[PDB]
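Note: ideal-geometry Cβ built from the backbone for every residue, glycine included; neighbour counts use all protein chains shown. Every number here is computed from the coordinates shown, using simple stated rules; none is lab data.
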Amino acid sequence: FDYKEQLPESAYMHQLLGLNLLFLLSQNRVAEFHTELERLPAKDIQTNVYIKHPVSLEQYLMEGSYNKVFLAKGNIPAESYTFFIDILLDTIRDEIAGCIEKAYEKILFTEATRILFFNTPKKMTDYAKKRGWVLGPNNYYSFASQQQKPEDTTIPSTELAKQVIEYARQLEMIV
Amino acid sequence: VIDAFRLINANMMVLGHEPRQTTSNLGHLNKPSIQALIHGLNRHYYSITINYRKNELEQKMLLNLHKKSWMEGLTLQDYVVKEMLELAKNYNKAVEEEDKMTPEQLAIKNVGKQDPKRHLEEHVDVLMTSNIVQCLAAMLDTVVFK
């Protein structure tokens, strides 16, 4: 941030800004992650391979990191992101959880995300049956009705009648 | 239409018929003035002002028996409503569609010399009251009953 025009180019600075971009994915700051992609437009251009790995990961993330997570994990054995790739493994996305699974789907290993990776072994079971079922809130996935299945009713007409009182009275209130 | 009259004596004619100690009451008496037929036979008589006697509870009972009774005030059931309303709303709107052509004429007209343009067709208040009161039946639908 410091204007410091005299500040020299730093090899540590370029990679760490890229590490920060990966860190934003770890804390799930998606709006910030694009803000960081914006933060270094000249770095992003085409080079800055350290910066490139998180931007490629961002393309994978909107695509769904689960499909390309194996490619992302093996994309660089070491880019100075060795601790950061461990954080990337920590930030493996489990947002695919809102779907039928266990017996109804049985295996979600096809997507290749670490949480749903492995067809049925105890390592898969540990992620799959964590807190009973993955995250653990909601109905058990094995007997889950696809999802929460909340639905809706036309009983709201009485509630809509209450809404009607407020809007209609106002039109009269204006006179 | 009722009016009250008291005769004036011919002997009293030489004297002032009605000396006034109060100007405002004479002014109130002046407001009725005289009727042309009464004027023809006014001589030998003097009109006397008539006012309603004070009415309190008497006014109150008729007042209670006006909107509640003389006018429709069932109140328990005071509140057609959805049967012929659709016909009335369509008919008034149709009259407006023809009537609004006169305002369209005024805006297009240069009207350098002021001319009547049949504006103030209105009916907007009539449509507003009818649609809103019928829409207020929602209170009967879900609140007054269940």
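Considering (1) loosely packed, with under 13 Cβ neighbours inside 10 Å; (2) part of a loop (DSSP other than H, G, I, E, B), say which one B:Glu58 fails and leave the rest.
Result: B:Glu58 fails condition (2) only.
Can you name every one of the helices (runs of 4 or more DSSP H) wholly within the stretch A:19-131 that holds 1 or more residues which are within 26 Å of A:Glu9 (Cβ to Cβ) and among the polar types (S, T, N, Q)? Quick ask: steps written out before the conclusion?
On the way: elements: A:30-39, A:41-44, A:49-75, A:82-90, A:122-128.
Here the list reads A:30-39, A:49-75, A:82-90.
A:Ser145 fails exactly one of the following numbered conditions: (1) out of contact with any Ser or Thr (no Cβ under 6 Å at 6 or more places or on another chain); (2) surrounded by 12 or more Cβ atoms within 10 Å (Cβ to Cβ). What is the number of that condition?
Among (1) out of contact with any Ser or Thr (no Cβ under 6 Å at 6 or more places or on another chain); (2) surrounded by 12 or more Cβ atoms within 10 Å (Cβ to Cβ), the lone unmet condition for A:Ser145 is (2).
Each row is one residue, and each column tells you yes or no for (1) touching a helix residue (DSSP H, G or I) at 6+ places or on another chain (Cβ under 8 Å); (2) of a type in the set (D, E, K, R); (3) within 25 Å of B:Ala88 (Cβ to Cβ); (4) not in a loop (DSSP other than H, G, I, E, B).
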position	(1), (2), (3), (4)
B:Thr102	no, no, yes, yes
B:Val111	no, no, no, no
B:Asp115	no, yes, no, no
B:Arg118	yes, yes, yes, no
B:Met128	yes, no, yes, yes
B:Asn131	yes, no, yes, yes
B:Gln134	yes, no, yes, yes
B:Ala138	yes, no, yes, yes
B:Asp141	yes, yes, yes, yes
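Please go through the stretch A:137-175 and pick out each residue that is more than 10 Å from chain B (Cβ to nearest Cβ), assigned to a helix (DSSP H, G or I) and hydroxyl-bearing (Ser, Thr, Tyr).
Correct list: A:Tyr141, A:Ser142.
I'm checking my understanding of the structure. Among residues of the stretch B:99-146 that are more than 30 Å from B:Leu76 (Cα to Cα) and small (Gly, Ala, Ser), which one is farthest from the other protein chains (Cβ to nearest Cβ)? Break it down stepwise before answering.
Pass one, the stretch B:99-146, residues more than 30 Å from B:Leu76 (Cα to Cα): B:99-124.
Filter once more, so that each one left must be small (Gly, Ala, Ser): B:107, B:112.
Details: B:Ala107: 25, B:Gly112: 36 Å.
Out of the qualifying residues, it is B:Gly112.
Which of the residues belonging to the stretch B:63-96 are in a helix (DSSP H, G or I), surrounded by fewer than 12 Cβ atoms within 10 Å (Cβ to Cβ) and among the acidic types (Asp, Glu)?
Within the stretch B:63-96, just B:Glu86 meets the criteria.
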